[PDB]
Each structure stands twice: as C-alpha cells, then as structure tokens.
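Colleague: One structure follows; several queries about it will come next.
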Ligand code: NA
Ligand code: NA
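Chains as they are written, first to last, in our numbering: chain E, 1 to 84; chain D, 1 to 84.
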C-alpha cells in the first residue's frame with residue numbers, strides 16, 4: 001500500500017529516471033515534482049494525467065489510480081513496489 | 001478530446017447515474033461533484049482515485065487518465081464518448 005507521493009517515486013525509480021529527467025519528460029517543473037514526491041503538494045488531476053501520459057508511466061496507470069493491474073494489456077506495478 | 005469535466009459527465013451518464021447517485025456511491029459530496037462537472041473545480045488526484053475506484057468507474061481508468069483503452073482487460077471508454 002503506497003501514498004501518491006510514494007507511488008510517483010516508485011514509478012520514477014523503477015524507470016531509472018532522475019527527478020530532472022522526469023521534469024524534462026513531463027514539463028512539470030522540478031520544484032513542483034519535488035513537492036509531489038515529498039507529499040507536500042497533491043497533483044491536480046490534469047497534472048497527474050500529464051505524468052501518466054509520459055510514455056513510460058502509462059503502463060502504471062491502473063495500478064497508480066486503482067491499485068489493480070492487468071499485465072495481459074501491459075498494465076503493471078513498478079518493479080520496486082514489490083506489488084502482490 | 002474531452003476535458004476532465006466532460007469526462008466525468010460522460011462516465012456518470014454512461015453508467016446511468018444521477019449526480020446524487022454518484023455522490024452516494026463515491027462518497028464525494030454532491031456540491032464537489034457539481035463543481036467537477038462544471039469545471040469550477042479540478043479534482044485533486046486522491047479524490048480522482050476515489051472516483052475511479054468506485055466499482056463501475058474502474059473500467060474507465062485508462063481512458064480517463066491517458067485517452068487509451070484495453071477492452072481485453074475490461075478497460076473501455078464510456079459509451080457516450082463515441083471514442084474512436
Ligand atoms: Na536515469
Ligand atoms: Na440512475
């Protein structure tokens with residue numbers, strides 16, 4: 001069981017991305033991403049959509065929003081979450 | 001393409017739920033849902049998670065967040081969206 005902030009970090013690390021790489025990919029400012037990863041700010045849904053639409057995060061969508069997976073369709077949990 | 005507000009309306013109407021019924025199932029107050037549907041307010045990600053975790057909206061998760069579907073795993077667009 002993970003919070004939004006723990007989930008964003010789990011997705012980013014499992015993709016071996018630095019925060020700066022994630023900022024450059026998503027267009028979310030580094031400082032804002034830092035706030036999201038620390039739990040200081042909760043991402044508005046439109047920003048969250050931008051993050052999950054980043055090509056390598058899309059496979060985490062179901063897990064991220066609903067804590068369910070569907071690997072036959074590519075929907076998985078980040079490796080580092082140790083989901084299941 | 002549909003905005004967040006439009007997508008919420010599409011999911012609810014496709015599930016033939018009144019707004020009050022959606023309030024009662026999701027536990028999101030009617031006022032808040034009203035503002036989400038009009039665009040007056042944008043849902044925080046935690047609330048959007050709660051909405052998509054409501055059993056009959058889970059199937060729209062991929063479509064809602066990423067504009068993609070995976071029907072083989074039950075991930076579809078709301079019928080009224082006329083997706084594809
Ligand atoms: Na890297
Ligand atoms: Na109804």
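C-beta atoms are modelled at their ideal positions from N, C-alpha and C, and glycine is treated no differently.
Using a C-beta cutoff of 8 Å, does residue 42 of chain E count as contacting chain D?
Modeller: yes
Colleague: For residue 70 of chain D, name the three-state secondary structure that DSSP assigns.
Modeller: strand
Colleague: For residue 55 of chain E, name the three-state secondary structure that DSSP assigns.
Modeller: Residue 55 of chain E: helix per DSSP, three-state reduction.
Colleague: Which complete alpha helix (DSSP H) runs does the region 3 to 28 of chain D hold, if anything under 4 residues is left out?
Modeller: 4 to 14 and 19 to 26
Colleague: Could you spell out the range, first to last residue, of the alpha helix (DSSP H) harbouring residue 33 of chain D?
Modeller: In this chain, the alpha helix (DSSP H) harbouring residue 33 of chain D covers 30 to 38.
Colleague: Considering only heavy atoms of ligand 2 and the C-beta of each residue, which residues fall inside 7 Å, strictly closer?
Modeller: D:16, D:17, D:18 and D:21
Colleague: Check whether the Cβ atoms of residue 10 of chain D and residue 80 of chain D sit closer than 8 Å, and answer yes or no.
Modeller: yes
Colleague: Rounded to whole angstroms, how far is the Cβ of residue 70 of chain D from the Cβ of residue 56 of chain E, which I believe are closer than 8 Å?
Modeller: Contact flag wrong, Cβ pair sits at about 17 Å.
Colleague: Residues in the same chain with beta-carbon distance under 7 Å from residue 26 of chain D, minus the five sequence neighbours each way, listed in chain order, please.
Modeller: 50, 51 and 54
Colleague: Which residues of the region 29 to 59 of chain D have a Cβ closer than 7 Å to any Cβ of chain E? Give them in chain order.
Modeller: Those residues of the region 29 to 59 of chain D placed with their C-beta closer than 7 Å to a C-beta in chain E are 42, 43, 44, 45, 46, 48, 49, 52, 53 and 58, ordered along the chain.
Colleague: Cα separation between residue 35 of chain E and residue 15 of chain D?
Modeller: Rounded to whole angstroms, the gap between the alpha carbons of residue 35 of chain E and residue 15 of chain D is 36 Å.
Colleague: Is residue 25 of chain E close to chain D, meaning its C-beta is less than 8 Å from at least one C-beta of that chain?
Modeller: no
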